[PDB]
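Contents: one structure, followed by commentary.
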Amino acid sequence: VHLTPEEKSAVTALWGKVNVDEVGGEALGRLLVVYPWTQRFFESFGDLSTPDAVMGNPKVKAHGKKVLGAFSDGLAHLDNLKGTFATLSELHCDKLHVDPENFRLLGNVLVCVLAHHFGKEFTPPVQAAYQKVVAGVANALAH
Amino acid sequence: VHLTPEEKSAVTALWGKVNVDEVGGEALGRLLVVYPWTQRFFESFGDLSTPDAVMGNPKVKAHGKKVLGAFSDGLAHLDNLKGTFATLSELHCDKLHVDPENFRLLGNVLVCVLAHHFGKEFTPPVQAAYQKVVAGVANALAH
Amino acid sequence: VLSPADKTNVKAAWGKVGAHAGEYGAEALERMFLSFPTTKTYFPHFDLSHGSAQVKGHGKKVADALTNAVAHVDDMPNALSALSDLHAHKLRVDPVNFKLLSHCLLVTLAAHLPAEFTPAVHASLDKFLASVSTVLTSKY
Amino acid sequence: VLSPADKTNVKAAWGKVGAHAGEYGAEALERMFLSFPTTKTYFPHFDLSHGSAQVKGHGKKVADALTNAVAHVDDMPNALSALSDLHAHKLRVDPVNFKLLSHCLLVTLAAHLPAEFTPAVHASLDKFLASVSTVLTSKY
Ligand code: HEM
Ligand code: HEM
Ligand code: HEM
Ligand code: HEM
């Protein structure tokens, strides 16, 4: 994804202050709560009935950390998103059968989680830069 | 767009029996009727109030002829769609500001027009091959 | 949110569909399976081959549900409540799949009713199928 | 259909928004313009720069419409009928843009009400904004 030098610098600086363990689980849990049809892919995680049970699920927390680790790996390689996400794209398409629209839903949920965590520091320019990175990761995963 | 040899042979044979002037205007007119927000782009063409006015519009017919010519050009180059659809992608993005979802809507409308024209000859395998070509043209235009 | 004109269009088109409803539903399901293979993952226990009796019976059920929706067009949300509960709460179907099935139903209708598939009837049927999908994707 | 619990959450979230609604609407519009520049084509006569009084007034109008929708959550379709006619028949706005504005509104609400933006409130607000977008895109 092409970003200006200011956009890339802002994206990396906000990312450094991200807590890897907390943010990804919160985005995965909020995806599962807001879009309840996504629980079809995670019914093996255990109890996902109430939002309080979804956000208190260690499996959801651990999977979210792996999803955020993948997001960080994509962020470190913004010029080769289609290359860093090839194996994950194959995994999500051929064996899991996940629609590409759900990747965009998860990216928007992650943007909301970042806004919730950073408040006024999540300026509209930072949000625009993160929207483009999230769309690029979704497009790379959808290939 | 990757297709089997049988898929490519079936797609080309159905395309040979397509009437270039009639099919594209019918797909453009049906797009304008079924999805009325698309007339924002075609306001210059003229009266588009009723479906009868839309389908009896010479500007709509001529533009549909152009669009179907582009579709045929993409069909003749199915292995380089992103290359043949680069100038059109730039035109539809930078100057016209058309959403990529509308390309998929138009492709589905074209598939319906082909089914309506060819009847029982439009078998489910032919439809599947044509859906893949239509998605590839939409992805190439959305680049 | 449908109008009396498109309601009349839908009633006429589905009445002309008539007794071919189950066959048309099976054909639409076959088209969806062939064109969008991801939708096959919702039917892991089915035989999804051509001429399959399981797909034929399911298409009959879907066509009967659509016929009931046409007959109860003014009260679809409470006419399709059990189906809404099944598809949303139990099956957890992505709404994109509802869009895909509506498209394949439209393609079958176009291929089988050339004269009936005018642009006005096409728009009416698109709106009716969108209404059905909206009802079936609502969680209570 | 909007759940009574989701309805209570939306009223508490928007009541806590309170008098900051016009600024939140203007900031959401700014976010939409910045992240989705294709939406700026609907405002060709506007000054869409940062701190623009035109965007500030439009955000005030959008926030007042959302406040009225919250106050009339039971009867949004006829509480927002003039807005539906304006957006669908006159402006011809793509529904994808309604989705984008709803997302930017959610982002503004998250950035301004951290404690209030629980996952349950987030889901309630997402579905309330989806219902508003559905009403505004309904053509009749
Ligand atoms: C949008 C960006 C996404 C990224 C970067 C991402 C990342 C990942 C990663 C790194 C894994 C590896 C887990 C492993 O190998 O054990 C994974 C697995 C998985 N992903 Fe995603 N994911 C994304 C979106 C989604 C969405 C939207 C869904 C479902 C709606 C989903 C469903 C799954 C499932 C079910 C697994 C396997 C988990 C299991 O079997 O326990 N992913 N994902
Ligand atoms: C696969 C989808 C599409 C293809 C292959 C296609 C192809 C074309 C072609 C060949 C032209 C003529 C370019 C020229 O004359 O230089 C054109 C122009 C145009 N297209 Fe499309 N198009 C597609 C989808 C759409 C959609 C969905 C819309 C609107 C909703 C749209 C709006 C326009 C407009 C407004 C013009 C310019 C017409 C004018 O200025 O009079 N196109 N497109
Ligand atoms: C207009 C749209 C649809 C209609 C009218 C419809 C109708 C029906 C009906 C009548 C049944 C049988 C329920 C019963 O016998 O109690 C059923 C079941 C089912 N439907 Fe749908 N459906 C629609 C869309 C979809 C879509 C898009 C999918 C998946 C992509 C889907 C997946 C299923 C599944 C998996 C079952 C269970 C069948 C079984 O396990 O035996 N449905 N539907
Ligand atoms: C999603 C919730 C929305 C609400 C509550 C809303 C509300 C409003 C209101 C109250 C007005 C002023 C009408 C009047 O004063 O008579 C307006 C006008 C307008 N809206 Fe929206 N709107 C929404 C979505 C959108 C979106 C997504 C777009 C475009 C991307 C849009 C484009 C416009 C335009 C172009 C105007 C005309 C303003 C002018 O020309 O001065 N609206 N809207």
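All residue names refer to the structure tokens as shown: chains lettered A, B, ... in order, residues numbered from 1 in each chain, ligands numbered from 1 in order.
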For this session: With a distance threshold of 7 Å and counting only C-alpha atoms, extract the residues of chain B near chain D and express them as a list in words.
Result: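 Contact residues on the first chain: residues 37, 40 and 97 of chain B.
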What are the coordinates of chain C as a PDB file with C-alpha atoms, in the first residue's frame following a least-squares fit to chain D on all in-order C-alpha atoms?
ATOM      1  CA  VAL C   1     -35.144  -4.665  13.656  1.00  0.00           C
ATOM      2  CA  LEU C   2     -33.823  -3.573  17.056  1.00  0.00           C
ATOM      3  CA  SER C   3     -34.382  -4.937  20.554  1.00  0.00           C
ATOM      4  CA  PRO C   4     -35.268  -3.088  23.770  1.00  0.00           C
ATOM      5  CA  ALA C   5     -31.790  -3.794  25.170  1.00  0.00           C
ATOM      6  CA  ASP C   6     -29.909  -2.291  22.234  1.00  0.00           C
ATOM      7  CA  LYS C   7     -32.482   0.517  22.087  1.00  0.00           C
ATOM      8  CA  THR C   8     -31.602   1.359  25.695  1.00  0.00           C
ATOM      9  CA  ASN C   9     -27.910   1.109  24.792  1.00  0.00           C
ATOM     10  CA  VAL C  10     -28.344   3.550  21.894  1.00  0.00           C
ATOM     11  CA  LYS C  11     -30.383   5.994  23.972  1.00  0.00           C
ATOM     12  CA  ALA C  12     -27.780   6.002  26.754  1.00  0.00           C
ATOM     13  CA  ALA C  13     -24.844   6.392  24.354  1.00  0.00           C
ATOM     14  CA  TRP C  14     -26.426   9.256  22.414  1.00  0.00           C
ATOM     15  CA  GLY C  15     -27.570  10.953  25.616  1.00  0.00           C
ATOM     16  CA  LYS C  16     -23.975  10.844  26.816  1.00  0.00           C
ATOM     17  CA  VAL C  17     -22.962  12.287  23.440  1.00  0.00           C
ATOM     18  CA  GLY C  18     -25.322  15.111  24.379  1.00  0.00           C
ATOM     19  CA  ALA C  19     -24.411  18.651  23.340  1.00  0.00           C
ATOM     20  CA  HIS C  20     -21.298  17.494  21.448  1.00  0.00           C
ATOM     21  CA  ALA C  21     -23.509  16.115  18.674  1.00  0.00           C
ATOM     22  CA  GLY C  22     -22.743  18.767  16.059  1.00  0.00           C
ATOM     23  CA  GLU C  23     -19.007  18.647  16.720  1.00  0.00           C
ATOM     24  CA  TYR C  24     -19.051  14.844  16.536  1.00  0.00           C
ATOM     25  CA  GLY C  25     -20.989  14.940  13.266  1.00  0.00           C
ATOM     26  CA  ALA C  26     -18.537  17.418  11.758  1.00  0.00           C
ATOM     27  CA  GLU C  27     -15.644  15.217  12.911  1.00  0.00           C
ATOM     28  CA  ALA C  28     -17.287  12.143  11.375  1.00  0.00           C
ATOM     29  CA  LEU C  29     -17.834  13.982   8.086  1.00  0.00           C
ATOM     30  CA  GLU C  30     -14.196  15.116   8.078  1.00  0.00           C
ATOM     31  CA  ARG C  31     -13.081  11.537   8.751  1.00  0.00           C
ATOM     32  CA  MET C  32     -15.233  10.293   5.867  1.00  0.00           C
ATOM     33  CA  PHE C  33     -13.873  12.957   3.502  1.00  0.00           C
ATOM     34  CA  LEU C  34     -10.273  12.134   4.439  1.00  0.00           C
ATOM     35  CA  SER C  35     -10.615   8.351   4.435  1.00  0.00           C
ATOM     36  CA  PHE C  36     -12.960   7.884   1.447  1.00  0.00           C
ATOM     37  CA  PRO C  37     -12.352  10.817  -0.924  1.00  0.00           C
ATOM     38  CA  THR C  38     -14.950   9.536  -3.411  1.00  0.00           C
ATOM     39  CA  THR C  39     -17.632  10.766  -0.985  1.00  0.00           C
ATOM     40  CA  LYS C  40     -16.403  14.342  -1.559  1.00  0.00           C
ATOM     41  CA  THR C  41     -17.953  14.252  -5.043  1.00  0.00           C
ATOM     42  CA  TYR C  42     -21.393  14.672  -3.449  1.00  0.00           C
ATOM     43  CA  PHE C  43     -20.278  18.065  -2.051  1.00  0.00           C
ATOM     44  CA  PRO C  44     -18.763  19.874  -5.054  1.00  0.00           C
ATOM     45  CA  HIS C  45     -19.844  23.330  -3.837  1.00  0.00           C
ATOM     46  CA  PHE C  46     -18.619  22.833  -0.261  1.00  0.00           C
ATOM     47  CA  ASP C  47     -15.414  23.923   1.412  1.00  0.00           C
ATOM     48  CA  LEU C  48     -14.177  20.552   2.689  1.00  0.00           C
ATOM     49  CA  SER C  49     -11.026  21.762   4.457  1.00  0.00           C
ATOM     50  CA  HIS C  50     -10.310  21.285   8.154  1.00  0.00           C
ATOM     51  CA  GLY C  51     -12.251  23.676  10.354  1.00  0.00           C
ATOM     52  CA  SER C  52     -14.659  24.495   7.535  1.00  0.00           C
ATOM     53  CA  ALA C  53     -17.851  26.224   8.652  1.00  0.00           C
ATOM     54  CA  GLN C  54     -19.803  24.534   5.851  1.00  0.00           C
ATOM     55  CA  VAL C  55     -18.766  21.069   7.053  1.00  0.00           C
ATOM     56  CA  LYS C  56     -19.472  22.183  10.624  1.00  0.00           C
ATOM     57  CA  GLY C  57     -23.034  23.214   9.753  1.00  0.00           C
ATOM     58  CA  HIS C  58     -23.649  20.044   7.763  1.00  0.00           C
ATOM     59  CA  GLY C  59     -22.368  17.940  10.660  1.00  0.00           C
ATOM     60  CA  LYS C  60     -24.743  19.805  12.951  1.00  0.00           C
ATOM     61  CA  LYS C  61     -27.625  18.951  10.602  1.00  0.00           C
ATOM     62  CA  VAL C  62     -26.635  15.272  10.398  1.00  0.00           C
ATOM     63  CA  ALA C  63     -26.281  15.066  14.185  1.00  0.00           C
ATOM     64  CA  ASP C  64     -29.709  16.651  14.687  1.00  0.00           C
ATOM     65  CA  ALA C  65     -31.185  14.108  12.274  1.00  0.00           C
ATOM     66  CA  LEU C  66     -29.551  11.295  14.262  1.00  0.00           C
ATOM     67  CA  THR C  67     -30.860  12.774  17.523  1.00  0.00           C
ATOM     68  CA  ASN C  68     -34.368  12.848  16.050  1.00  0.00           C
ATOM     69  CA  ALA C  69     -33.900   9.242  14.919  1.00  0.00           C
ATOM     70  CA  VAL C  70     -32.933   8.253  18.472  1.00  0.00           C
ATOM     71  CA  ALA C  71     -35.936  10.127  19.878  1.00  0.00           C
ATOM     72  CA  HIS C  72     -38.238   8.448  17.304  1.00  0.00           C
ATOM     73  CA  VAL C  73     -36.560   5.051  17.155  1.00  0.00           C
ATOM     74  CA  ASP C  74     -39.891   3.201  16.940  1.00  0.00           C
ATOM     75  CA  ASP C  75     -41.093   5.244  13.916  1.00  0.00           C
ATOM     76  CA  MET C  76     -37.920   6.114  12.004  1.00  0.00           C
ATOM     77  CA  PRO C  77     -39.312   5.371   8.491  1.00  0.00           C
ATOM     78  CA  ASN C  78     -41.913   8.126   8.817  1.00  0.00           C
ATOM     79  CA  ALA C  79     -39.616  10.275  10.970  1.00  0.00           C
ATOM     80  CA  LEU C  80     -36.935  10.317   8.231  1.00  0.00           C
ATOM     81  CA  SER C  81     -39.195  10.355   5.155  1.00  0.00           C
ATOM     82  CA  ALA C  82     -38.088  13.750   3.828  1.00  0.00           C
ATOM     83  CA  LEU C  83     -34.450  12.719   4.236  1.00  0.00           C
ATOM     84  CA  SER C  84     -35.174   9.443   2.428  1.00  0.00           C
ATOM     85  CA  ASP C  85     -36.711  11.379  -0.464  1.00  0.00           C
ATOM     86  CA  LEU C  86     -33.762  13.798  -0.538  1.00  0.00           C
ATOM     87  CA  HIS C  87     -31.006  11.177  -0.435  1.00  0.00           C
ATOM     88  CA  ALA C  88     -32.628   8.645  -2.764  1.00  0.00           C
ATOM     89  CA  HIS C  89     -34.755  10.564  -5.256  1.00  0.00           C
ATOM     90  CA  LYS C  90     -32.774  13.817  -5.493  1.00  0.00           C
ATOM     91  CA  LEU C  91     -29.161  13.169  -4.466  1.00  0.00           C
ATOM     92  CA  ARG C  92     -28.943   9.513  -5.610  1.00  0.00           C
ATOM     93  CA  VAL C  93     -26.374   8.445  -3.017  1.00  0.00           C
ATOM     94  CA  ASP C  94     -24.757   5.014  -3.264  1.00  0.00           C
ATOM     95  CA  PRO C  95     -25.588   2.897  -0.163  1.00  0.00           C
ATOM     96  CA  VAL C  96     -21.875   2.101   0.198  1.00  0.00           C
ATOM     97  CA  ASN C  97     -21.436   5.741   1.221  1.00  0.00           C
ATOM     98  CA  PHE C  98     -24.036   5.272   3.958  1.00  0.00           C
ATOM     99  CA  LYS C  99     -21.990   2.330   5.216  1.00  0.00           C
ATOM    100  CA  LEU C 100     -18.823   4.471   5.155  1.00  0.00           C
ATOM    101  CA  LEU C 101     -20.435   7.323   7.095  1.00  0.00           C
ATOM    102  CA  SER C 102     -21.795   4.873   9.675  1.00  0.00           C
ATOM    103  CA  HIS C 103     -18.281   3.488  10.154  1.00  0.00           C
ATOM    104  CA  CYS C 104     -16.807   6.975  10.566  1.00  0.00           C
ATOM    105  CA  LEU C 105     -19.527   7.882  13.075  1.00  0.00           C
ATOM    106  CA  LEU C 106     -18.652   4.744  15.050  1.00  0.00           C
ATOM    107  CA  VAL C 107     -14.954   5.674  14.965  1.00  0.00           C
ATOM    108  CA  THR C 108     -15.708   9.175  16.264  1.00  0.00           C
ATOM    109  CA  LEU C 109     -17.904   7.739  19.031  1.00  0.00           C
ATOM    110  CA  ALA C 110     -15.167   5.274  20.005  1.00  0.00           C
ATOM    111  CA  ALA C 111     -12.535   8.021  20.087  1.00  0.00           C
ATOM    112  CA  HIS C 112     -14.715  10.329  22.198  1.00  0.00           C
ATOM    113  CA  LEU C 113     -16.511   7.919  24.596  1.00  0.00           C
ATOM    114  CA  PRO C 114     -13.991   5.263  25.683  1.00  0.00           C
ATOM    115  CA  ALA C 115     -15.891   3.969  28.722  1.00  0.00           C
ATOM    116  CA  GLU C 116     -19.269   4.132  26.975  1.00  0.00           C
ATOM    117  CA  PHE C 117     -18.030   2.177  23.932  1.00  0.00           C
ATOM    118  CA  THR C 118     -18.435  -1.321  25.309  1.00  0.00           C
ATOM    119  CA  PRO C 119     -18.849  -4.180  22.799  1.00  0.00           C
ATOM    120  CA  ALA C 120     -22.594  -4.337  23.529  1.00  0.00           C
ATOM    121  CA  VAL C 121     -23.003  -0.589  22.959  1.00  0.00           C
ATOM    122  CA  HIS C 122     -20.845  -0.908  19.833  1.00  0.00           C
ATOM    123  CA  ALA C 123     -23.144  -3.598  18.421  1.00  0.00           C
ATOM    124  CA  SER C 124     -26.234  -1.568  19.362  1.00  0.00           C
ATOM    125  CA  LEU C 125     -24.880   1.541  17.628  1.00  0.00           C
ATOM    126  CA  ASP C 126     -23.901  -0.490  14.561  1.00  0.00           C
ATOM    127  CA  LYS C 127     -27.460  -1.832  14.343  1.00  0.00           C
ATOM    128  CA  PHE C 128     -28.994   1.625  14.882  1.00  0.00           C
ATOM    129  CA  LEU C 129     -26.845   3.231  12.179  1.00  0.00           C
ATOM    130  CA  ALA C 130     -27.643   0.343   9.833  1.00  0.00           C
ATOM    131  CA  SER C 131     -31.349   0.983  10.489  1.00  0.00           C
ATOM    132  CA  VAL C 132     -30.895   4.673   9.673  1.00  0.00           C
ATOM    133  CA  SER C 133     -29.039   3.838   6.449  1.00  0.00           C
ATOM    134  CA  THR C 134     -31.729   1.320   5.483  1.00  0.00           C
ATOM    135  CA  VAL C 135     -34.453   3.926   5.990  1.00  0.00           C
ATOM    136  CA  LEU C 136     -32.533   6.557   4.015  1.00  0.00           C
ATOM    137  CA  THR C 137     -31.876   4.173   1.097  1.00  0.00           C
ATOM    138  CA  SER C 138     -35.540   3.196   0.613  1.00  0.00           C
ATOM    139  CA  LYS C 139     -37.359   4.406  -2.501  1.00  0.00           C
ATOM    140  CA  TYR C 140     -41.115   4.913  -2.314  1.00  0.00           C
TER     141      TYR C 140
END
For this session: Mind giving me the straight-line distance from atom CA of residue 127 of chain B to atom CA of residue 141 of chain A in Å, one decimal?
Result: 26.3 Å
For this session: Can you pull out every residue within 7 Å of residue 60 of chain A, counting only C-alpha atoms, but drop anything in the same chain fewer than 5 positions away, and send it as a PyMOL selection string?
Result: chain A and resi 25+28-29
Residues as selected, C-alpha atoms, written as an mmCIF file, in the first residue's frame, can you do that?
data_model
loop_
_atom_site.group_PDB
_atom_site.id
_atom_site.type_symbol
_atom_site.label_atom_id
_atom_site.label_comp_id
_atom_site.auth_asym_id
_atom_site.auth_seq_id
_atom_site.Cartn_x
_atom_site.Cartn_y
_atom_site.Cartn_z
ATOM 1 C CA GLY A 25 -8.375 -10.221 21.144
ATOM 2 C CA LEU A 28 -11.641 -10.549 17.264
ATOM 3 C CA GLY A 29 -14.163 -10.479 20.131
#
For this session: Please provide the set of residues having any atom within 12 Å of residue 9 of chain B, restricted to only C-alpha atoms, with same-chain residues fewer than 3 positions apart removed, written as a list in words.
Result: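 Residues meeting the cut-off are residues 3, 4, 5, 6, 12, 13, 14, 15, 16, 75, 76, 125, 126, 129 and 130 of chain B.
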Exercise. At what distance in Å, to one decimal, does atom CA of residue 143 of chain A lie from atom CA of residue 89 of chain A?
Worked result: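 Calculated distance between atom CA of residue 89 of chain A and atom CA of residue 143 of chain A is 6.4 Å.
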